[PDB]
Amino acid sequence: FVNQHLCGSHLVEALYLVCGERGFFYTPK
Amino acid sequence: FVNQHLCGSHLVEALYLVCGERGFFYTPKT
Amino acid sequence: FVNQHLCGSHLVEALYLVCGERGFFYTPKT
Amino acid sequence: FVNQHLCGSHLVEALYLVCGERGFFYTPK
Amino acid sequence: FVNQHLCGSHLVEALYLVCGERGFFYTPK
Amino acid sequence: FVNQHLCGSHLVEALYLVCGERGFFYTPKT
Amino acid sequence: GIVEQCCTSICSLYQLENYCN
Amino acid sequence: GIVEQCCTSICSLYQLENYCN
Amino acid sequence: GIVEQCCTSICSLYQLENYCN
Amino acid sequence: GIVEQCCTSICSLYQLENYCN
Amino acid sequence: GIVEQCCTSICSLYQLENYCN
Amino acid sequence: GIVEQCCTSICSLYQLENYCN
Ligand SMILES: [Cl-]
Ligand SMILES: [Cl-]
Ligand SMILES: [Cl-]
Ligand SMILES: [Cl-]
Ligand SMILES: [Cl-]
Ligand SMILES: [Cl-]
Ligand SMILES: [Cl-]
Ligand SMILES: [Cl-]
Ligand SMILES: [Zn+2]
Ligand SMILES: [Zn+2]
Ligand SMILES: [Zn+2]
Ligand SMILES: [Zn+2]
Ligand SMILES: [Zn+2]
Ligand SMILES: [Zn+2]
Ligand SMILES: [Zn+2]
Ligand SMILES: [Zn+2]
Ligand SMILES: [Zn+2]
Ligand SMILES: [Zn+2]
Ligand SMILES: [Zn+2]
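Residues numbered from 1 in each chain as written, not as in the entry; some residues may be left out. Chains lettered and ligands numbered in written order. Heavy atoms only, no water. Residues with missing side-chain atoms left out of burial classes, pairs and counts.

(A) Geometry of the relation of the copies chain A and chain D. The two copies are related by a screw motion: chain A maps onto chain D through a turn of 120° and a shift of 0.0 Å along the axis, at an RMSD of 0.0 Å. The relationship between the two copies is best expressed as a three-fold rotation axis. Taking C-alpha positions as the reference, the residue of chain A nearest the rotation axis is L6(A), at 4.7 Å. (Least-squares fit on C-alpha atoms.)

(B) Looking closely at the state of the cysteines. Taken as a whole, this structure holds 18 disulfides over all chains when the rule is applied. Each sulfur of the disulfide joining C7(A) and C7(G) lies 2.0 Å from the other. Taking the torsion about the sulfur-sulfur bond, which here is approximately -95°, the covalent link between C7(A) and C7(G) counts as left-handed. Taken as a pair, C7(A) in helix α1 (residues 4–19) and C7(G) in the loop between α1 (2–6) and α2 (13–17) lie in two separate chains rather than in one. The disulfide partner of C19(F) is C20(L), and the S-S distance across this bridge is 2.0 Å. Classification of the bridge connecting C19(F) and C20(L) rests on its S-S torsion, roughly -80°, and on that basis the disulfide is left-handed. Of this pair, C19(F) sits in helix α1 (residues 8–19) while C20(L) sits in the segment after α2 (13–16), on two different chains. Accessibility classification places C19(F) together with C20(L) in one group, the buried group. (Disulfide = S-S within 2.5 Å. Helix = DSSP H or I, 4+ residues; strand = E, 2+ residues; numbered from the N terminus. Buried < 20%, exposed > 50% of the residue type's maximum accessible area, 1.4 Å probe, protein only.)

(C) Molecular detail of the packing of aromatic side chains. This model, assessed by the stated rule, comprises 21 aromatic pairs over all chains. Between the aromatic rings of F25(F) and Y19(L), the centroid separation amounts to 5.9 Å while the plane-to-plane angle is 65°, which identifies the pairing as edge-to-face. With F25(F) in strand β1 (residues 24–26) and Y19(L) in the segment after α2, this residue pair bridges two chains. Given the relative accessible area of 23%, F25(F) is considered partly exposed. (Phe/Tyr/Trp six-rings, centres within 6.5 Å; stacked < 30°, edge-to-face > 60°.)

(D) Up close: the interface of chain A and chain D. In this complex, chain A contributes four residues to the contact, which on the side of chain D involves four residues. Roughly 280 Å² is buried in total at the junction of chain A and chain D, and carbon and sulfur atoms are behind 65% of that figure. When residues of chain A are sorted by the area they lose upon contact with chain D, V2(A), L6(A) and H10(A) head the list and together hold 89% of the total. Taken together, chain A and chain D are joined by zero salt bridges. In this structure, the connection of chain A to chain D is made through one residue pair in polar contact. (Contact = heavy atoms within 4.5 Å. Buried area = accessible area lost by both parts, 1.4 Å probe. Salt bridge = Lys/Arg side-chain N within 4 Å of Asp/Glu carboxyl O. Polar contact = N/O pair within 3.5 Å; in protein donor to acceptor, adjacent residues only side chain to side chain.)

(E) Seen up close, the environment of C6(H). Of note, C6(H) is situated in helix α1 (residues 2–7). Distance from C6(H) to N18(H), taken between C-alpha atoms, is 11 Å for residues 12 residues apart in sequence. If near-sequence neighbours (up to four positions away) are discounted, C6(H) is found in contact with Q4(B), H5(B), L6(B), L11(B), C11(H), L16(H) and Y19(H).

(F) Representation of the coordination of the zinc ion (ligand 11) in the model. Coordination sphere of the zinc ion (ligand 11), protein contribution only: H5(A) (NE2) and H10(E) (NE2), at 2.0 Å. Of this pair, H5(A) sits in helix α1 while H10(E) sits in helix α1 (residues 4–19), each in a different chain. (Donors = N, O, S within 2.8 Å, 3.2 Å for Na, K, Ca; no water.)

(G) Structural view of the nonpolar core. By size, the foremost hydrophobic cluster in this structure holds 120 residues, and its most contacted members are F24(B), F24(C) and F24(F). Sequence-distant contacts of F24(C), that is, excluding residues within four places in its chain, are made with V12(C), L15(C), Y16(C), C19(C), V12(D), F24(D), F25(D), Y26(D), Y19(J), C20(J) and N21(J). (Core = buried A, V, L, I, M, F, W, Y, C linked by side-chain atoms within 4.5 Å.)

The values are spatial; any link to function lies outside them.
Below is the structure:
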């Protein structure tokens, strides 16, 4: 199984790049 | 905690750490 | 996708994300 | 076992530092 | 179980932010 | 190895890689 | 949620875009 | 917004926390 | 040690501060 | 090369993709 | 390959250098 | 200290290693 805390850290960096100026909400739960 | 300018991915990483299970929103055009 | 200058490790991370299973090459002296 | 996607993300940052001006190819498969 | 090498990489970035000007020692063993 | 200025979190990441199991110390006010 | 969808499997750029504003 | 407060200016920990959900 | 305490479980900012100088 | 295109100038997503294998 | 060698075990700086150009 | 040596000036690999335990 995947380490959720490390996964999330990675995901928000990916969202920074993908979303750009649009931004994003990060809602893990 | 650091007292410095946080931009881009470094700002997002800081929010991830600070906000924990609550999550956050990154809205750069606001 | 962001429209910004990407250098060094931030450029490499962007390539990792964009290229997926294909991989990439980072040649800075080219 | 190791999460390959997270591992690779880490590896390319390490290669950036180790390889410097020489650069590198990242070929996971 | 957690990948210690990836975990540590993450931890030192978190310590950079949390400790600020105070700095820190990273002693894994 | 890169020959460049390393600051903040990028400096800490470089130390993590270089120092391995030995660990390191990051003392910015020294 | 994003954790359920993108931690279990790798999300492509296109799948990640769903989470943008 | 967050860029004006924390990127072109400096955010205290308390100010970063204003962007948490 | 930090690995024993903060790799197994998630350490809060307050728990991480223990490791600062 | 990539530095001239994407670091000292700006690369669109399509331009970053030119560096994929 | 690098994934087979450096994800399973930790590669030292010297082992990582193999993958450079 | 490390900031003067490696951040406002450049550290060789050998110089970074001076900060290892
Ligand atoms: Cl990870
Ligand atoms: Cl991802
Ligand atoms: Cl964190
Ligand atoms: Cl930077
Ligand atoms: Cl990615
Ligand atoms: Cl590594
Ligand atoms: Cl953490
Ligand atoms: Cl490393
Ligand atoms: Zn990671
Ligand atoms: Zn600054
Ligand atoms: Zn963390
Ligand atoms: Zn720029
Ligand atoms: Zn950076
Ligand atoms: Zn990813
Ligand atoms: Zn420089
Ligand atoms: Zn590593
Ligand atoms: Zn300032
Ligand atoms: Zn520009
Ligand atoms: Zn210089």
